[PDB]
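Worksheet: one structure, shown below.
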Amino acid sequence: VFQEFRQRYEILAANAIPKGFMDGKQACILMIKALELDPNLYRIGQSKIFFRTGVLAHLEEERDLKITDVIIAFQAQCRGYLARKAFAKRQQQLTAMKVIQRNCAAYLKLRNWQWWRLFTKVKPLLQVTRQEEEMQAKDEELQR
Amino acid sequence: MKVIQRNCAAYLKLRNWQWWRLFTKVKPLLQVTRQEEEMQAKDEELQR
Amino acid sequence: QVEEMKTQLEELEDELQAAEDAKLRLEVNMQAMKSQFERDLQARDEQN
Amino acid sequence: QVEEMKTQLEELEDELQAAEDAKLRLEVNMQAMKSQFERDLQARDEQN
Amino acid sequence: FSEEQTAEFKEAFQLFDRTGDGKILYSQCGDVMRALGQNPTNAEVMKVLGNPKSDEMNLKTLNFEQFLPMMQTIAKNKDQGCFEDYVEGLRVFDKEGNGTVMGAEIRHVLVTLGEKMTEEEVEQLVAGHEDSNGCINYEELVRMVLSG
Amino acid sequence: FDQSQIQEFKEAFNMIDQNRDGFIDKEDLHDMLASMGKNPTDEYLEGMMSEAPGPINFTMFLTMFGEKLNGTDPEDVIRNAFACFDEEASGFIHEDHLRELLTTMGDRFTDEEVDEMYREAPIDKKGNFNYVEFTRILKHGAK
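Protein chains in written order, with the working numbering: chain A, 1 to 144; chain B, 1001 to 1048; chain C, 2001 to 2048; chain D, 3001 to 3048; chain E, 4001 to 4148; chain F, 5001 to 5143.
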């Protein structure tokens, strides 16, 4: 159809086309006139346009050879955006990791000290604070 | 019917024991409140 | 001057101990706040 | 010599104390800002 | 340039070191450069990377010393593709000019045009902005990428 | 310094100080482990009394467990850092994943860490590791 092809391929030569969009049929007529294509290679129509074989490939390539600039530009920009986003994510993960790291390294330093088995055998005995905190935790859990 | 014997014998031989009586005194004296009310509220909420 | 140098060393050791305690507490608080806020954002996203 | 050493130590102590006070103030401010941001994130999660 | 931001530069450089000394792979250092706002195409990267090959890029790392002239050459670009470029090109890339752009076509023409990227790259790029119409508002995402 | 930690330490101490003198002696831990099981060899007791400047007093072991412990973090922030660490948020990351990340996370880590972790963690039969209870064990929830 007129408007589809027009808005899709006017990138090739939109030099002097009036920005006020005239009749879509007339608009594509003038745009292909500017495109300098032989009439027999296509079929002008009252509602749609018809084309030969392989001509779209020529038009596709002519279109493709103009978009690469935008292609590579936005590609670099989006790649850098993803890069900085993943960078912030990984550095936050690394901060959390350093916290976990300090903790487990302290555990390493302490998992083997003899006092540990001793004073850990006794902790499960006294639980008055544990009893109370579990009472309130079960209260809110039962309410939920 | 051979597990009830341990329970009844224990309750009998401790009922006369004055130390078991002291224990069964001090718990209602000042100990039943916190833990007993906690467990009672837990059981009530669980049943609900 | 010997007494003054002793007092100065005492004040310096006191200030250094206070600064070390404050720095340890501040690092702990910063790490805790960061981790907790990140985990809360993650849990909120999971709940959404 | 001892007086010069004590003066150097006092200058170093004053400088380190000023630096540690600035660092502790910055860390307390950052912790407060993090707590406020976490509360705001919780409120925003509830609103969401 | 200046030591003004070189402190942040140093901490970021050593932040992504797999050896923890100041030697970071060529792919990785380009990724850091892109994360530093300066996000050029890998073409000019290799151009200023001594024109190496993929093997050298994945085996040879870089010190922080040569990293300064490297971002210097990167700063010689002094500009990249503009915002009006992206908005008008995406607007004219759609089929009907309906304020949006279809998704699958964007994914395809992104992974299969010019600079090649994996599918999950553009996937997590477009992720979150999807809609039942499949036509995402290119404007919000492009301004998010530009500002972000 | 933490209120909960200091209160539970002094609680366990006044429970183990069977003489209530504030001075921990061989009698206390000896009879405690005897009631628990095999009595401790007195050389172990002397080595445990070698850190303190004498009969372990209250502030003595207070300071010793402080200097041996000050620097860690409670399980809350541990599992907080663990939460965003996993996208599934169920706490079931893989242990070999933990290995491949520990080797270079921040500073480089060796093999003793990972082998000790695997030999002292309830890992599943393919690598998946759960920390919802393991981290609490690290803060002495069960061990």
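We put the beta carbon where it would ideally sit given N, CA and C, even for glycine.
Practice problem: Check whether the Cβ of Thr5110 of chain F lies closer than 9 Å to any Cβ atom in chain H. | Solution: Included in the structure are the protein chains A, B, C, D, E and F, with no chain H among them.
Quiz item: Looking at the structure shown, is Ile5024 of chain F part of a helix, part of a strand, or coil, going by DSSP?
Solution: In this structure, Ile5024 of chain F counts as strand in the three-state DSSP scheme.
Self-check item: Under 8 Å by beta carbon: chain E residues contacting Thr68 of chain A
Solution: Taking a Cβ-Cβ threshold of 8 Å, the residues of chain E close to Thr68 of chain A are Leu4113 and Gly4114, in chain order.
Quiz prompt | Which residues DSSP lists as bridging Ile5056 of chain F, in chain order | solution = Paired residue(s): F:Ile5024.
Practice problem: Consider the Cβ of residue 145 of chain A: report whether some Cβ of chain E lies at a distance smaller than 9 Å. | Solution: In the structure as shown, chain A begins at 1 and stops at 144. Residue 145 of chain A is therefore absent and cannot be evaluated.
Self-check item: Residue of A:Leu118, A:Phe5 and A:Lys138 minimising C-alpha distance to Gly45 of chain A
Solution: Closest by C-alpha distance to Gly45 of chain A, out of A:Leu118, A:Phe5 and A:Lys138, is A:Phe5.
Exercise. Closer than 9 Å by beta-carbon distance: list the chain E residues that pair up with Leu12 of chain A, in chain order.
Key: In chain order: nothing, as chain E lies at least about 11 Å away.
Exercise. Compare the beta carbon distance of residue 4152 of chain E and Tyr81 of chain A with 9 Å and say whether it is the shorter of the two.
Key: Nothing about residue 4152 of chain E can be reported from this structure: the residues present for chain E run from 4001 to 4148 only.
Self-check item: Proximity winner among A:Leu142, A:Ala13, A:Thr129 and A:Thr53, relative to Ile5006 of chain F (alpha-carbon distances)
Solution: For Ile5006 of chain F, the closest C-alpha among the options A:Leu142, A:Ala13, A:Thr129 and A:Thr53 is that of A:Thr129.
Exercise. Quick one: which unbroken beta strand (DSSP E) runs of 3-plus residues sit fully inside the segment 5081-5110 of chain F? Chain order, please.
Key: Correct list: 5092-5094.
Quiz item: Looking at C-beta atoms only, is the number of pairs between the segment 5069-5089 of chain F and the segment 2024-2031 of chain C that lie closer than 8 Å three or more?
Solution: Yes, the segment 5069-5089 of chain F is in contact with the segment 2024-2031 of chain C.
Quiz item: So, helix, strand or coil for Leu3041 of chain D, using DSSP?
Solution: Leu3041 of chain D: helix per DSSP, three-state reduction.
Quiz item: Going along chain C in order, which residues have a C-beta closer than 8 Å to the C-beta of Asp5073 of chain F?
Solution: Within chain C, the residues near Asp5073 of chain F are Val2028, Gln2031 and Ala2032.
Quiz prompt | Three-pair Cβ contact test at 8 Å for the segment 5044-5063 of chain F versus the segment 2008-2022 of chain C | solution = In short, these stretches do not touch, since the Cβ pair count stays below three.
Practice problem: Would you mind reading off the limits of the beta strand (DSSP E) that contains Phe5129 of chain F? | Solution: Going by DSSP, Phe5129 of chain F is part of the beta strand (DSSP E) stretching over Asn5128 to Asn5130.
Quiz item: Which residues in the same chain as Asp5025 of chain F place their Cβ atom closer than 6 Å to its Cβ, once the five residues preceding and following it in sequence are excluded?
Solution: If we look at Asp5025 of chain F and ignore the five residues flanking it on each side, its Cβ neighbours are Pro5055.
Quiz item: By how many angstroms is the C-alpha of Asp4017 of chain E removed from the C-alpha of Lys4116 of chain E?
Solution: Cα to Cα, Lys4116 of chain E sits roughly 26 Å from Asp4017 of chain E.
Exercise. Reducing DSSP to helix, strand and coil, say where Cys4082 of chain E ends up.
Key: The answer is coil: DSSP assigns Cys4082 of chain E none of H, G, I, E or B.
Self-check item: Under the three-state DSSP convention, the category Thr129 of chain A falls into
Solution: In the structure shown, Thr129 of chain A adopts helical secondary structure according to DSSP, grouped into three states.
Exercise. Report yes or no: is there a C-beta of chain E within less than 9 Å of the C-beta of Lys85 of chain A?
Key: By this cut-off, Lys85 of chain A is an interface position.
Exercise. Identify whether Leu4049 of chain E lies in helix, strand or coil by the three-state DSSP scheme.
Key: Three-state result, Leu4049 of chain E: coil.
Quiz item: So which residues on chain C does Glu3038 of chain D lean against when the C-beta distance must stay under 8 Å?
Solution: The answer, in chain order, is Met2033, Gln2036, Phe2037 and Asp2040.
Quiz item: With a Cβ-Cβ cutoff of 9 Å, do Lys66 of chain A and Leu30 of chain A count as a contact?
Solution: Contact flag unset, no.
Quiz item: What residues match up with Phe51 of chain A in a beta bridge as DSSP calls it?
Solution: BP columns for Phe51 of chain A point to A:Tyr42.
Quiz prompt | Short CB-CB distance (under 9 Å) between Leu142 of chain A and chain B | solution = Interface residue, yes.
Quiz item: Is the number of C-beta pairs between the segment 4133-4144 of chain E and the segment 82-101 of chain A that are closer than 8 Å three or more?
Solution: When Cβ pairs closer than 8 Å are counted between the two stretches, the segment 4133-4144 of chain E is seen not to touch the segment 82-101 of chain A, the count staying below three.
Quiz item: For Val128 of chain A and chain C, any beta-carbon pair shorter than 9 Å?
Solution: So no, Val128 of chain A is outside the interface.
Quiz item: Roughly how many angstroms lie between the CA atoms of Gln136 of chain A and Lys109 of chain A, to the nearest whole one?
Solution: Our two residues, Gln136 of chain A and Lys109 of chain A, have alpha carbons roughly 35 Å apart in a direct line.
Exercise. For the alpha helix (DSSP H) holding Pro1028 of chain B, just list the boundary residues, first then last.
Key: Run containing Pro1028 of chain B: none; DSSP gives neither H nor E here.
Quiz item: Mind checking if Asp5107 of chain F is an interface residue toward chain E, Cβ cutoff 9 Å exclusive?
Solution: A Cβ of chain E is located within less than 9 Å of the beta carbon of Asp5107 of chain F.
Quiz item: Nearest chain F C-beta to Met97 of chain A closer than 9 Å, yes or no?
Solution: At least one CB of chain F lies nearer than 9 Å to the CB of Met97 of chain A.
Quiz item: With 16 other CB atoms within 10 Å as the buried threshold, where does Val5132 of chain F fall?
Solution: So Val5132 of chain F ends up on the exposed side.
Exercise. For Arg2039 of chain C, count neighbouring Cβ atoms within 10 angstroms of its own Cβ and tell me buried if that reaches 16, exposed if not.
Key: Here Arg2039 of chain C is buried: its Cβ has 16 or more other Cβ atoms, across all protein chains shown, within 10 Å.
Self-check item: Environment of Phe5085 of chain F [buried if 16+ CB atoms lie within 10 Å]
Solution: Under this definition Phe5085 of chain F is a buried residue.
Quiz item: Under 7 Å Cβ-Cβ, which residues of chain A neighbour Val5077 of chain F?
Solution: The contacting residues are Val99.
Exercise. Pull up the distance between the alpha-carbon of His5140 of chain F and that of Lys1025 of chain B, whole angstroms please.
Key: Roughly 36 Å between the two C-alpha positions.
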